[PDB]
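Structural description and commentary
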Amino acid sequence: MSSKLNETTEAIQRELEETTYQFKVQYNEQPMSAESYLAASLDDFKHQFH
Amino acid sequence: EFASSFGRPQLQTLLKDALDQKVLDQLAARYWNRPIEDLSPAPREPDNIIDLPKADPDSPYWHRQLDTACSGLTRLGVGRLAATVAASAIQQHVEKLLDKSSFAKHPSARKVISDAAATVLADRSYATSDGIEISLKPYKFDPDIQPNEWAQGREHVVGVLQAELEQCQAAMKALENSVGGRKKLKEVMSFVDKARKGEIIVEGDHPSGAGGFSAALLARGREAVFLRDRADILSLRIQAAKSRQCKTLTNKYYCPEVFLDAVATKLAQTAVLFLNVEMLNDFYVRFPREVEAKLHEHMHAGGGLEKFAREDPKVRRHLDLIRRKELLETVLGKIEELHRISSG
Amino acid sequence: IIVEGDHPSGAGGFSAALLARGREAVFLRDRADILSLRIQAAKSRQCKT
């Protein structure tokens, strides 16, 4: 296990990196949560209703 | 001299070409016709490209289509595309300069030089890509198009599109002459159109003979129909790009060709500026030191100095002549030393 | 020309059915010619005796 640990660790760092790059180019690293989405859309609806 | 020659508009043309084919791919995949494989009716999409000039301006289909086309073009690795294109270009130009240089022979020294250029570009590549994506961050959100940019895209789209059409028509006519008569291929085309509509059914995954046409002739007929539809679409989009309605910028959703070409040109140019500064100047500054260090270390560490001399024909004759002369001189020196050590 | 098929589906642009129709047409042609030739022979002077 300890011997495979180095190769596995570097590979995990790799798959983390490409996930991070797509997070940078397509969403501009913008944070998102379900609660944030709901609240923003509710206020959009309330602007529409007003 | 090369560094004085290369500059930045060259990088502009280089990036604009990669992004040109990016535009054709995105536009064709979002708007034009898909290939025919079998002889079943294709699922008919409600909106068609032939009715685009006469379409409701607030069309959710066309709006969503041009918008997902543009967002797909922008949210691509344009930073990494520019960095790798400029890298391969600079390395290639260094290789050509090497071809014309005094290092045509000596593949060891030549490869040392080439590898030096490669390692410098590799070192700077990341900073250039990330900096380009940051500098393009505002144009990803709103690539607002100015009327002159719209005009430039207008002039470019006609050429890009007509080149695509000429290849298409030449392939169609060659198909006709290969299959035989124009009228015969027109017959197979009529049959494939019939099977594509409800008029006739064949029930085959591999139809051998229907209406008297071979398994190969059916394939040629489907290919002919695809070429036909794509040719008509292409000519129509060319006449539309030359249309009066596409001269103005306000019909952006009505002229996807011109708009997408404008976005391509813009992203290419602003990415090109940061590319030139962050990467090109860094190359001009680091490359000579790296060449000198690596060549000197190579000659003296590897003993490739003497082999570098042995490699060229003229210099081999020159240095060989000098060596035999050297041996004879040293022999005479040994004799003269002998006379000195022993008086008589 | 060669076709390399034990059952040829499409050759020169002709269907598996159209090939069958063409073979049938050639058989009928040759048999028609043979038949008319044997009629000309049965009416010939050499068959009178």
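Residues numbered from 1 in each chain as written, not as in the entry; some residues may be left out. Chains lettered and ligands numbered in written order. Part of a larger assembly, values for the part shown. Heavy atoms only, no water.

Its PDB header attributes the entry to cryo-EM and lists the resolution as 14.7 Å.

Structural notes on the interface of chain B and chain C
Opposite the eleven residues of chain B that make contact, chain C presents twelve residues. It is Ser208, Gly212 and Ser214 of chain B in chain B that bury the most area against chain C; as a group they hold 61% of the surface buried on that side. Across the chain B-chain C interface, the total number found is zero salt bridges. Joining chain B to chain C, the criterion identifies six residue pairs in polar contact. (Contact = heavy atoms within 4.5 Å. Buried area = accessible area lost by both parts, 1.4 Å probe. Salt bridge = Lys/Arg side-chain N within 4 Å of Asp/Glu carboxyl O. Polar contact = N/O pair within 3.5 Å; in protein donor to acceptor, adjacent residues only side chain to side chain.)

Quick word on unusual backbone geometry
A positive phi angle, near 60°, is found at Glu29 of chain A, a position not held by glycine. Judged by its relative accessible area of 45%, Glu29 of chain A is partly exposed. Residue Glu4 of chain C is not a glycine yet carries a positive backbone phi of 60°. The topology assignment puts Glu4 of chain C in the segment before α1 (16-42). (Buried < 20%, exposed > 50% of the residue type's maximum accessible area, 1.4 Å probe, protein only. Helix = DSSP H or I, 4+ residues; strand = E, 2+ residues; numbered from the N terminus.)

A short note on the interface of chain B and chain A
Listed per partner, the contact involves nine residues of chain B and six residues of chain A. Note on chain B versus chain A: buried area summed over both sides is about 670 Å², and carbon and sulfur give 37% of it. Here chain B and chain A share two salt bridges between them. Close ionic contact of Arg80 of chain B with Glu18 of chain A constitutes a salt bridge, the shortest N to O distance being 2.5 Å. Linking chain B with chain A are two residue pairs in polar contact. Each residue belonging to the side of chain B that touches chain A can be placed in one class, and the counts come to two nonpolar, one polar and six charged. (Nonpolar A, V, L, I, M, F, W, Y, C, P; charged D, E, K, R; others polar.)

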